[PDB]
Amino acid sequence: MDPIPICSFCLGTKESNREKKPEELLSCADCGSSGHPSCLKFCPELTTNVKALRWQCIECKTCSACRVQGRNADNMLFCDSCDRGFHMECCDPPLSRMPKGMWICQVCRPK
């Protein structure tokens, strides 16, 4: 769905983030909801990575490997490089422990 030109968190346009400063929105490819990266708390390089991809918001995000949410969707990991979501049991290899700190998905890792 086409982007909603308003940030879901601060209701500002791309012309006024929470600091009343211009900042382009990220927009969910599935539901069209948008957010300023500053409002989403994304770091700059995550932001520039997400801009080049088909991004889903937190609520729309399905696991990139198995393509479902499922009953334990709240514990799906988000890639610190690309914001893709992965269930623990769908990681490479499947994880039985929640990673502490930075985690990067299989899509972003080198071949």
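Note that residue numbering begins at 1 and tracks the sequence as displayed.
In this entry, 19 to 27 shows the higher mean Cα temperature factor of the pair 86 to 94 and 19 to 27. In this entry, 97 to 105 shows the higher mean Cα temperature factor of the pair 97 to 105 and 7 to 15. The maximum CA B-factor among the listed residues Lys61, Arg67, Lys51, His36, taken from the PDB record, is found at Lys51. Of the candidates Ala73, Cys79, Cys57, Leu40, it is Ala73 whose Cα B-factor is highest according to the PDB record.
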